[PDB]
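What follows is one structure encoded as structure tokens, with my remarks underneath.
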Amino acid sequence: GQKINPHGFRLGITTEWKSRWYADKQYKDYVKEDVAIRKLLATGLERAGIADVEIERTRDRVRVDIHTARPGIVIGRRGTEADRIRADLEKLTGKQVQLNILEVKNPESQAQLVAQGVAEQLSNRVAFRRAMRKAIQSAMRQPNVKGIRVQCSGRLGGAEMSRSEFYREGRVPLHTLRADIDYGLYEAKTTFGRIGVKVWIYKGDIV
Amino acid sequence: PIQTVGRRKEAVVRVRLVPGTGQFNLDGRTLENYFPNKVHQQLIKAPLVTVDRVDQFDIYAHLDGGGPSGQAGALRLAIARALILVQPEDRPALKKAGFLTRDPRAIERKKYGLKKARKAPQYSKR
Amino acid sequence: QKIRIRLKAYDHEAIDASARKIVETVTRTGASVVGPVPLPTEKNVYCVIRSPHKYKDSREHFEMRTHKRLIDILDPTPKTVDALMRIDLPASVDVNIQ
Amino acid sequence: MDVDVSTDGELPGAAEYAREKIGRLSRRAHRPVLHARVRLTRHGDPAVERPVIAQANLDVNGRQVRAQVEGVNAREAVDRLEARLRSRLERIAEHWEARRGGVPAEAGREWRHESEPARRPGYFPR
Amino acid sequence: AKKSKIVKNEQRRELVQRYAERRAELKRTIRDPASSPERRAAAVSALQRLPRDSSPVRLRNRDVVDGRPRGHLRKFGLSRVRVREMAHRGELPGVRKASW
Amino acid sequence: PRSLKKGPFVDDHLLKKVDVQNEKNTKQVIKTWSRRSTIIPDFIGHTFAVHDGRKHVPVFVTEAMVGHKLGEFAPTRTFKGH
Amino acid sequence: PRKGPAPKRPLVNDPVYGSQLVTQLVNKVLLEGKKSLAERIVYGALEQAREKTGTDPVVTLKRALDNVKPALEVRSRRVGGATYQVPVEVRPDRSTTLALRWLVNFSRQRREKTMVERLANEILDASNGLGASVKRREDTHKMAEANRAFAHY
Amino acid sequence: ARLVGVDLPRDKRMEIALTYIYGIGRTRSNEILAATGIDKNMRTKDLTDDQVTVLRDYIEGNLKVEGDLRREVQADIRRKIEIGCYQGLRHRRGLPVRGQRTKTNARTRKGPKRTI
RNA sequence: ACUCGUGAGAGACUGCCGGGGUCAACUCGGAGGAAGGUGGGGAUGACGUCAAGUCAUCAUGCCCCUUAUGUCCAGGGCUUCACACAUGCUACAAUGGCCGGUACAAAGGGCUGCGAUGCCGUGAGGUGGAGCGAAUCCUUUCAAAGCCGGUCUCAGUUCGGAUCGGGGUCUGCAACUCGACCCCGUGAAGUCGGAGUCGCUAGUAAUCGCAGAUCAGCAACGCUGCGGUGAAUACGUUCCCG
């Protein structure tokens with residue numbers, strides 16, 4: 001076990017909790033319903049890159065905000081997708097649940113979306129070097145990105161031996177606290193097993 | 001009036017000094033009912049003896065936290081602070097002798113994997 | 001008659017902002033307050049093992065910190081009461097009225 | 001020489017053979033053996049060419065001696081373990097015959113790390 | 001663990017909620033005072049008649065998502081493995097790493 | 001041991017078995033599975049087939065063994081030496 | 001000690017006798033951190049010695065120390081791949097430390113029914129030149145002398 | 001002085017000397033001395049014959065000690081043996097009878113260690 | 001007003017002085033200061049190694065079972081004991097045992113939980129329920145080692161508590177296998193431990209108590225924390241280890 005999770009390193013400094021609420025007696029069931037919501041939303045939506053899911057709770061009314069790169073996919077033009085999600089979130093006993101569907105400004109600067117894309121490309125047929133290089137170039141082309149590292153491990157290329165490969169461009173200071181490192185991880189489903197993809201992205205400091 | 005504090009490894013002493021006789025009122029108890037340890041009493045009185053202002057100050061002291069030794073150290077520091085506040089031109093004597101320095105020695109935190117702060121479990125090579 | 005307002009949150013900044021906003025509102029209504037009296041921070045500590053299987057000597061510690069603020073007002077005019085039940089605060093901080 | 005063998009699963013006759021082969025090394029050790037343990041383990045995966053792995057540990061008067069080999073069956077692993085342990089014991093000897101060649105000795109010759117430094121006068125030779 | 005064992009607990013909970021609320025406690029409230037006539041009451045026998053699942057003694061709190069039966073934490077209702085990963089992702093409010 | 005206020009513990013199955021056994025004053029072998037039941041003076045003549053884990057061992061009650069449990073007389077683990 | 005010598009602890013003078021040596025003595029007889037018990041033991045022993053002799057106890061304690069203080073000690077030295085017992089001169093502080101440790105230990109296995117009595121008798125016989133610690137110093141000096149051949153390195 | 005067939009120690013305080021009777025510990029000695037009036041801190045040579053006889057008849061009155069206690073204990077263990085109970089055969093083979101582990105410890109019941 | 005609690009800030013930066021220094025890094029000493037030279041302790045673990053561990057947290061390729069290797073139930077087992085190894089606790093006593101009086105902490109926990117006063121038991125404990133979602137009440141007002149007084153007089157003992165007999169309490173549907181605790185009695189080994197070997201550089205080792213998690217109960221002497229009292233020694237890198 002080498003490196004701790006970058007989000008968990010700067011949780012009280014740079015990054016923010018993805019669930020904002022307060023509970024004293026009902027902490028346990030709040031956590032249970034939160035993880036249920038998370039797994040439901042991860043399962044239901046896979047076409048559009050679901051970058052992040054936020055939950056805010058206040059008595060009866062519950063606020064679930066999710067960030068996607070393709071809002072149109074997740075919303076029914078007549079509300080069909082919206083109706084379906086609202087309905088099965090009522091089924092989740094969330095009482096009154098209202099949803100704020102949002103959009104990421106620059107998909108290529110978001111580590112989770114980058115890992116999602118690289119994993120998808122890896123799954124079907126693409127050689128892993130091509131995927132990592134394309135992702136690195138796309139993210140480096142973005143104005144605010146200062147350093148990106150992509151690493152994927154497993155039976156790469158359908159081989160019998162597992163391998164770890166990583167390419168880096170610029171600065172990725174994992175030991176520096178004030179540097180905000182966006183961390184994203186996603187497992188690629190191949191016919192030969194499971195390939196794990198991680199992405200680190202450095203975008204300056206926050207003070 | 002004047003009031004200082006002394007802090008020695010979590011022992012906090014609040015003191016009140018007036019120019020009365022050298023009677024020691026420690027939370028309603030005297031220097032012998034309290035602190036029945038001769039080394040401890042010497043530790044209390046040492047700043048006075050190096051400043052030679054013994055038996056010319058009434059002392060009211062509040063004690064809370066820690067054991068007798070930490071309380072005694074904090075009390076001595078509080079007395080030194082009261083003395084420098086009352087008679088500034090004695091500062092060289094109290095400072096050279098080291099009574100004006102707060103002691104930054106605290107209980108070291110216990111660490112996981114070790115029985116104590118530094119003591120480690122017995123490891124068998126064989 | 002005075003009503004106690006108790007504040008509890010995991011983020012000190014949010015609870016401070018809530019305290020100052022509540023004070024501003026009640027002074028807008030024309031009341032007398034005491035101020036955001038700070039209260040001891042509650043710390044809940046948890047120690048776990050990193051590895052799923054063995055490797056026990058490797059432990060990781062977590063803590064949950066709760067910050068408490070105390071708001072007390074006087075002269076409870078009905079406008080102040082109505083203003084109190086017309087205040088919006090972040091979902092992180094809960095308000096106890098007693 | 002008493003040896004305890006801690007196998008696992010299926011390895012019939014491995015324990016007796018290993019015990020009898022290892023116990024013959026007691027005379028080879030130049031210091032009394034305080035403990036002797038042997039562990040036999042077989043790899044589950046049939047793809048492994050040498051599935052059986054044998055390890056040993058001897059406490060040669062406080063000096064830890066250990067070896068580990070692989071084999072295709074219990075007998076071969078035990079024999080390779082015996083060879084490896086014998087080599088380690090030979091390298092561990094540390095009696096006089098073992099260190100007579102390493103003694104710096106060589107009066108004014110073969111500069112070694114522990115060779116006696118030359119005594120030097122205060123004045124230059126000239 | 002095993003979905004059979006994961007689901008085996010929930011029926012224990014609703015059975016306890018069905019029984020232990022008043023039936024499995026009113027008998028105990030009668031055994032407490034020695035002045036209460038317990039001997040001819042035979043409520044000890046009656047409580048034995050009840051199914052074992054009415055007893056909270058058999059209840060085994062598990063991981064609310066994973067079903068892991070050990071390393072349970074009551075505050076989160078989570079296994080020790082799961083809380084460590086969930087805290088690192090900032091999904092439990094007001095939880096972070098410790099230092100002192 | 002169990003508190004005295006609760007009283008001796010006997011399962012209802014073997015309890016009603018023995019009380020119908022002694023209502024006509026003959027004792028047959030009673031096959032039981034409750035090692036946790038206590039020996040009560042109404043068992044005095046009855047011979048019990050107490051479960052062991054593998055089989056049931058016949059246990060004939062006497063006077064002295066009253067107050068114990070049936071498990072005292074159905075040893076579980078077998079050991080003959082090394 | 002690889003990077004250089006370590007600072008010493010300036011332990012303070014005793015309040016009721018005003019000498020450094022008694023504080024060193026209490027810290028030698030100390031066990032488990034029970035300082036008060038050690039001080040009680042040493043004060044009782046000193047007062048017993050004063051009663052038996054009739055003079056100040058500190059002077060007799062110094063006399064006992066000088067009677068038991070060593071000057072030449074033997075250490076194992078490894079020169080040229082061989083180990084010998086080499087007699088070495090002892091610095092003053094190490095000599096006082098050795099003397100105090102010997103006094104405390106040899107008083108610990110006396111037979112006087114109490115630590116105070118054992119310590120008092122040991123210090124008295126050391127002042128008079130009959131104690132077992134004096135004998136120990138005799139043996140250590142004899143050992144240093146018998147190995148004087150190896151003093152040249 | 002001979003009490004209930006047991007000689008006392010030569011110089012001990014009364015209650016601790018009374019502990020030297022097989023059926024008497026520290027609590028029993030204290031309570032019998034309190035009941036029968038003899039002081040507890042008196043030495044074993046200062047006793048009178050009347051003190052001896054009051055101890056004797058009181059102990060023989062409301063206590064069982066020495067031979068009767070030993071034989072009662074032995075009878076209890078033997079009866080536990082002969083009913084075939086678990087503790088019976090546990091006593092029969094000299095192993096601990098109260099659930100103590102026997103993988104490593106329990107040399108007290110096993111006696112001194114034997115090597116094979 | 002003084003502590004304290006928790007918000008904001010200042011404060012150590014070789015900043016200054018003197019000397020070594022290539023006038024360079026750096027280094028020695030002094031002053032000022034609460035603190036002096038990364039102040040103390042944490043968190044933080046590079047590329048990789050050891051096919052190290054984990055298909056039994058989870059996920060998962062392939063293979064296998066599928067009237068069973070799936071699943072429900074009672075009982076039993078995981079606690080077996082001639083031994084061997086490992087980590088600990090308690091001791092072998094007078095720097096102590098026992099009895100009476102008496103002083104000082106921190107941290108943490110508590111709603112179907114903490115649970116006080118009182119009363120009843122010798123004691124585990126029983127009845128009862130004040131007040132408490134708690135800087136408020138309860139954990140007693142909080143400790144023990146400590147201090148003072150008496151006693152014990154060097155003994156296998158007033159040391160040591162194992163084992164065992166009897167009698168109870170509580171939790172639990174249920175303490176037989178297989179819980180903890182209380183009372184009476186019983187009173188084993190053990191007289192400081194071979195070869196060899198371990199931890200520790202200061203608020204440290206040694207020693208004393210308190211709390212938490214898991215938890216109906218507990219096998220907790222375990223683990224994770226908290227404070228009380230508080231040493232010795234470091235000449236120096238030849239030897240052992242990395």
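Each chain of the structure tokens is named A, B, ... in the order shown, its residues numbered from 1; ligands are numbered from 1 in display order.
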
Q: Find the residues in chain I near chain A: any atom within 10 Å counts, using only C-alpha atoms (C1' of nucleotides). Write them as a PyMOL selection string.
A: chain I and resi 43-46+51+59-62+111+133

Q.
So that I can see what lies close to stretch 119-129 of chain G, please list as a ChimeraX atom specification the residues with an atom at most 10 Å from it, counting only C-alpha atoms (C1' of nucleotides) and leaving out residues fewer than 6 positions away in the same chain.
A. /G:29,41-50,52-53,57,59-68,103-112,135

Q) Between atom CA of residue D:56 and atom CA of residue D:28, what is the spacing in Å? A)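 According to the coordinates, atom CA of residue D:28 and atom CA of residue D:56 are separated by 15.4 Å.
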
Q: Give me, as a ChimeraX atom specification, the contact residues of chain H against chain I at a cut-off of 8 Å, counting only C-alpha atoms (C1' of nucleotides).
A: /H:16,23-25,73,76-77,86,96,99,101-103,108-109,114-116

Q) DSSP says strand (DSSP E or B) for which residues of chain B? Put them as a VMD selection string? A) chain B and resid 3 to 8 11 to 18 24 to 26 29 58 to 64

**Q.** Between atom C1' of residue I:100 and atom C1' of residue I:187, distance in Å (one decimal)
**A.**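 Answer for the atom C1' of residue I:100 to atom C1' of residue I:187 separation: 27.8 Å.
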
Q. When the cut-off is 9 Å and we count only C-alpha atoms, which residues of chain E are near chain F, given as a ChimeraX atom specification?
A. /E:31,34,38,44-45,48-49

Q.
Give me, as number ranges by chain, all polymer residues having an atom no more than 9 Å from stretch 52-57 of chain C, counting only C-alpha atoms (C1' of nucleotides) and skipping those fewer than 3 positions away in the same chain.
A. B: 112-114; C: 49; E: 80-81; I: 53-54, 57

Selected residues, N, CA and C atoms (P, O5', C5', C4', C3', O3' and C1' of nucleotides), written as a PDB file, in the first residue's frame, please.
ATOM      1  N   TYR B 112       0.291   3.673  17.765  1.00  0.00           N
ATOM      2  CA  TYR B 112      -0.234   2.354  17.444  1.00  0.00           C
ATOM      3  C   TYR B 112       0.888   1.429  16.999  1.00  0.00           C
ATOM      4  N   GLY B 113       0.739   0.148  17.318  1.00  0.00           N
ATOM      5  CA  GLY B 113       1.768  -0.827  17.058  1.00  0.00           C
ATOM      6  C   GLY B 113       2.812  -0.925  18.142  1.00  0.00           C
ATOM      7  N   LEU B 114       2.872   0.052  19.039  1.00  0.00           N
ATOM      8  CA  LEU B 114       3.799   0.052  20.156  1.00  0.00           C
ATOM      9  C   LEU B 114       3.009   0.039  21.455  1.00  0.00           C
TER      10      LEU B 114
ATOM     11  N   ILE C  49      -8.038  -0.846  10.703  1.00  0.00           N
ATOM     12  CA  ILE C  49      -6.902  -1.488  10.054  1.00  0.00           C
ATOM     13  C   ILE C  49      -6.977  -1.223   8.558  1.00  0.00           C
TER      14      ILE C  49
ATOM     15  N   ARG E  80     -15.366  -2.035   8.857  1.00  0.00           N
ATOM     16  CA  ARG E  80     -14.131  -1.263   8.953  1.00  0.00           C
ATOM     17  C   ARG E  80     -13.480  -1.074   7.591  1.00  0.00           C
ATOM     18  N   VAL E  81     -13.626  -2.049   6.694  1.00  0.00           N
ATOM     19  CA  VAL E  81     -13.077  -1.903   5.352  1.00  0.00           C
ATOM     20  C   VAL E  81     -13.817  -0.817   4.586  1.00  0.00           C
TER      21      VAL E  81
ATOM     22  P     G I  53       2.202 -14.905  -1.096  1.00  0.00           P
ATOM     23  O5'   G I  53       1.239 -14.027  -0.189  1.00  0.00           O
ATOM     24  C5'   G I  53       1.291 -14.133   1.222  1.00  0.00           C
ATOM     25  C4'   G I  53       0.187 -13.346   1.869  1.00  0.00           C
ATOM     26  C3'   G I  53      -1.173 -13.469   1.215  1.00  0.00           C
ATOM     27  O3'   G I  53      -1.844 -14.656   1.589  1.00  0.00           O
ATOM     28  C1'   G I  53      -0.724 -11.202   1.688  1.00  0.00           C
ATOM     29  P     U I  54      -2.741 -15.442   0.519  1.00  0.00           P
ATOM     30  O5'   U I  54      -4.171 -14.756   0.645  1.00  0.00           O
ATOM     31  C5'   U I  54      -4.678 -14.354   1.907  1.00  0.00           C
ATOM     32  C4'   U I  54      -5.673 -13.235   1.756  1.00  0.00           C
ATOM     33  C3'   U I  54      -6.681 -13.411   0.636  1.00  0.00           C
ATOM     34  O3'   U I  54      -7.768 -14.217   1.039  1.00  0.00           O
ATOM     35  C1'   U I  54      -5.789 -11.215   0.579  1.00  0.00           C
ATOM     36  P     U I  57     -11.410 -11.403   2.397  1.00  0.00           P
ATOM     37  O5'   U I  57     -12.611 -10.389   2.604  1.00  0.00           O
ATOM     38  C5'   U I  57     -13.641 -10.686   3.530  1.00  0.00           C
ATOM     39  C4'   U I  57     -14.697  -9.620   3.508  1.00  0.00           C
ATOM     40  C3'   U I  57     -15.426  -9.455   2.190  1.00  0.00           C
ATOM     41  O3'   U I  57     -16.468 -10.396   2.011  1.00  0.00           O
ATOM     42  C1'   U I  57     -14.738  -7.342   2.967  1.00  0.00           C
TER      43        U I  57
END

Q) If we count only C-alpha atoms (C1' of nucleotides), what is near residue I:37 at a cut-off of 10 Å, once residues fewer than 2 positions away on the same chain are taken out, given as a list in words? A)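 Contacts, with the query itself left out: residues 12, 14 and 39 of chain I.
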
(Q) Quick one: residues within 8 Å of residue C:69, only C-alpha atoms (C1' of nucleotides), excluding same-chain residues fewer than 3 positions away - as number ranges by chain? (A) C: 6-8, 15, 19, 36-39

Taking only residues of chain I that have an atom at most 9 Å from an atom of chain G, what is each one's shortest atom pair and its distance in Å to one decimal, using only C-alpha atoms (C1' of nucleotides), in chain and number order, as a tab-separated table?
residue	atom	partner	partner_atom	distance
I:94	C1'	G:114	CA	6.3
I:95	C1'	G:37	CA	6.6
I:145	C1'	G:34	CA	8.4
I:146	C1'	G:36	CA	8.2
I:153	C1'	G:113	CA	7.8
I:154	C1'	G:113	CA	6.9
I:201	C1'	G:6	CA	8.8
I:206	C1'	G:32	CA	4.8
I:207	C1'	G:32	CA	4.6
I:229	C1'	G:33	CA	5.9
I:230	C1'	G:33	CA	4.4
I:231	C1'	G:27	CA	6.5
I:232	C1'	G:28	CA	7.5
I:234	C1'	G:1	CA	5.8
I:235	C1'	G:91	CA	8.8
I:236	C1'	G:1	CA	7.3
I:237	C1'	G:2	CA	6.8
I:238	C1'	G:78	CA	5.2
I:239	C1'	G:78	CA	6.6

Please provide as a PDB file with N, CA, C and O atoms (P, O5', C5', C4', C3', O3' and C1' of nucleotides), in the first residue's frame all residues within 12 Å of residue B:2, with the sequence filter that same-chain residues fewer than 2 positions apart are discarded (counting only C-alpha atoms (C1' of nucleotides)).
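Contents of around_7.pdb, as written:
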ATOM      1  N   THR B   4      -0.990  36.206  37.930  1.00  0.00           N
ATOM      2  CA  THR B   4      -0.288  35.495  36.872  1.00  0.00           C
ATOM      3  C   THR B   4      -0.762  34.049  36.842  1.00  0.00           C
ATOM      4  O   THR B   4      -1.619  33.636  37.628  1.00  0.00           O
ATOM      5  N   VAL B   5      -0.203  33.278  35.915  1.00  0.00           N
ATOM      6  CA  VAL B   5      -0.516  31.863  35.786  1.00  0.00           C
ATOM      7  C   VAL B   5       0.778  31.080  35.641  1.00  0.00           C
ATOM      8  O   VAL B   5       1.790  31.590  35.151  1.00  0.00           O
ATOM      9  N   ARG B  14      -3.148  29.407  39.282  1.00  0.00           N
ATOM     10  CA  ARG B  14      -3.436  30.832  39.327  1.00  0.00           C
ATOM     11  C   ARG B  14      -3.004  31.355  40.685  1.00  0.00           C
ATOM     12  O   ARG B  14      -3.328  30.755  41.714  1.00  0.00           O
ATOM     13  N   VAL B  15      -2.285  32.469  40.689  1.00  0.00           N
ATOM     14  CA  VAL B  15      -1.684  33.001  41.903  1.00  0.00           C
ATOM     15  C   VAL B  15      -2.197  34.415  42.127  1.00  0.00           C
ATOM     16  O   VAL B  15      -2.573  35.110  41.178  1.00  0.00           O
ATOM     17  N   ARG B  16      -2.238  34.823  43.393  1.00  0.00           N
ATOM     18  CA  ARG B  16      -2.531  36.197  43.773  1.00  0.00           C
ATOM     19  C   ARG B  16      -1.540  36.606  44.852  1.00  0.00           C
ATOM     20  O   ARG B  16      -1.477  35.972  45.910  1.00  0.00           O
ATOM     21  N   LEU B  17      -0.769  37.654  44.579  1.00  0.00           N
ATOM     22  CA  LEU B  17       0.315  38.093  45.446  1.00  0.00           C
ATOM     23  C   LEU B  17       0.007  39.470  46.020  1.00  0.00           C
ATOM     24  O   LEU B  17      -0.294  40.407  45.272  1.00  0.00           O
ATOM     25  N   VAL B  18       0.082  39.585  47.343  1.00  0.00           N
ATOM     26  CA  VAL B  18      -0.028  40.869  48.034  1.00  0.00           C
ATOM     27  C   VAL B  18       1.118  40.950  49.036  1.00  0.00           C
ATOM     28  O   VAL B  18       1.732  39.926  49.377  1.00  0.00           O
ATOM     29  N   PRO B  19       1.450  42.161  49.525  1.00  0.00           N
ATOM     30  CA  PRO B  19       2.703  42.323  50.282  1.00  0.00           C
ATOM     31  C   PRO B  19       2.648  41.852  51.729  1.00  0.00           C
ATOM     32  O   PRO B  19       3.488  42.260  52.537  1.00  0.00           O
ATOM     33  N   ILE B  59       0.514  35.112  49.688  1.00  0.00           N
ATOM     34  CA  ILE B  59       0.317  34.356  48.460  1.00  0.00           C
ATOM     35  C   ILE B  59      -1.032  33.657  48.514  1.00  0.00           C
ATOM     36  O   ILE B  59      -1.310  32.902  49.452  1.00  0.00           O
ATOM     37  N   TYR B  60      -1.861  33.903  47.503  1.00  0.00           N
ATOM     38  CA  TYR B  60      -3.095  33.162  47.293  1.00  0.00           C
ATOM     39  C   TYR B  60      -3.006  32.450  45.955  1.00  0.00           C
ATOM     40  O   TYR B  60      -2.849  33.096  44.914  1.00  0.00           O
ATOM     41  N   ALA B  78       4.586  30.477  38.291  1.00  0.00           N
ATOM     42  CA  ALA B  78       3.660  31.569  38.559  1.00  0.00           C
ATOM     43  C   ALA B  78       4.260  32.565  39.537  1.00  0.00           C
ATOM     44  O   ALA B  78       4.087  33.780  39.384  1.00  0.00           O
ATOM     45  N   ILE B  79       4.967  32.069  40.552  1.00  0.00           N
ATOM     46  CA  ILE B  79       5.615  32.963  41.505  1.00  0.00           C
ATOM     47  C   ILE B  79       6.675  33.798  40.804  1.00  0.00           C
ATOM     48  O   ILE B  79       6.792  35.004  41.048  1.00  0.00           O
ATOM     49  N   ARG B  81       6.737  34.694  37.673  1.00  0.00           N
ATOM     50  CA  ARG B  81       6.052  35.690  36.855  1.00  0.00           C
ATOM     51  C   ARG B  81       5.505  36.828  37.709  1.00  0.00           C
ATOM     52  O   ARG B  81       5.590  38.003  37.329  1.00  0.00           O
ATOM     53  N   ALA B  82       4.940  36.500  38.871  1.00  0.00           N
ATOM     54  CA  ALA B  82       4.458  37.546  39.765  1.00  0.00           C
ATOM     55  C   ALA B  82       5.601  38.436  40.226  1.00  0.00           C
ATOM     56  O   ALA B  82       5.453  39.661  40.307  1.00  0.00           O
ATOM     57  N   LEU B  83       6.753  37.837  40.527  1.00  0.00           N
ATOM     58  CA  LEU B  83       7.892  38.620  40.985  1.00  0.00           C
ATOM     59  C   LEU B  83       8.384  39.569  39.904  1.00  0.00           C
ATOM     60  O   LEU B  83       8.654  40.743  40.178  1.00  0.00           O
ATOM     61  N   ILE B  84       8.504  39.084  38.664  1.00  0.00           N
ATOM     62  CA  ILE B  84       8.977  39.977  37.608  1.00  0.00           C
ATOM     63  C   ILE B  84       7.957  41.075  37.342  1.00  0.00           C
ATOM     64  O   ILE B  84       8.329  42.221  37.059  1.00  0.00           O
ATOM     65  N   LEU B  85       6.661  40.765  37.444  1.00  0.00           N
ATOM     66  CA  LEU B  85       5.664  41.823  37.315  1.00  0.00           C
ATOM     67  C   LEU B  85       5.775  42.857  38.428  1.00  0.00           C
ATOM     68  O   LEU B  85       5.608  44.055  38.174  1.00  0.00           O
ATOM     69  N   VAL B  86       6.048  42.420  39.657  1.00  0.00           N
ATOM     70  CA  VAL B  86       6.090  43.343  40.786  1.00  0.00           C
ATOM     71  C   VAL B  86       7.394  44.126  40.803  1.00  0.00           C
ATOM     72  O   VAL B  86       7.396  45.357  40.925  1.00  0.00           O
ATOM     73  N   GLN B  87       8.525  43.434  40.670  1.00  0.00           N
ATOM     74  CA  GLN B  87       9.847  44.052  40.748  1.00  0.00           C
ATOM     75  C   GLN B  87      10.571  43.736  39.445  1.00  0.00           C
ATOM     76  O   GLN B  87      11.268  42.718  39.337  1.00  0.00           O
TER      77      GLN B  87
ATOM     78  P     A I   1     -12.909  43.917  32.313  1.00  0.00           P
ATOM     79  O5'   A I   1     -12.026  43.360  33.517  1.00  0.00           O
ATOM     80  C5'   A I   1     -11.262  42.172  33.370  1.00  0.00           C
ATOM     81  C4'   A I   1     -10.449  41.874  34.605  1.00  0.00           C
ATOM     82  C3'   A I   1      -9.638  40.591  34.565  1.00  0.00           C
ATOM     83  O3'   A I   1      -8.429  40.724  33.841  1.00  0.00           O
ATOM     84  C1'   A I   1     -10.769  40.741  36.631  1.00  0.00           C
ATOM     85  P     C I   2      -8.001  39.591  32.789  1.00  0.00           P
ATOM     86  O5'   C I   2      -7.544  38.377  33.707  1.00  0.00           O
ATOM     87  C5'   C I   2      -6.529  38.551  34.682  1.00  0.00           C
ATOM     88  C4'   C I   2      -6.308  37.285  35.463  1.00  0.00           C
ATOM     89  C3'   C I   2      -6.305  36.009  34.644  1.00  0.00           C
ATOM     90  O3'   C I   2      -5.077  35.773  33.986  1.00  0.00           O
ATOM     91  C1'   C I   2      -7.675  35.713  36.535  1.00  0.00           C
TER      92        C I   2
END

Q) Which residue gives the smallest distance to chain D among I:50, I:130, I:181, I:85, with only C-alpha atoms (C1' of nucleotides) counted? A) I:85

Q | Distance in Å - atom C1' of residue I:233 versus atom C1' of residue I:199 | A |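 If I compute the distance from atom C1' of residue I:233 to atom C1' of residue I:199, I get 15.5 Å.
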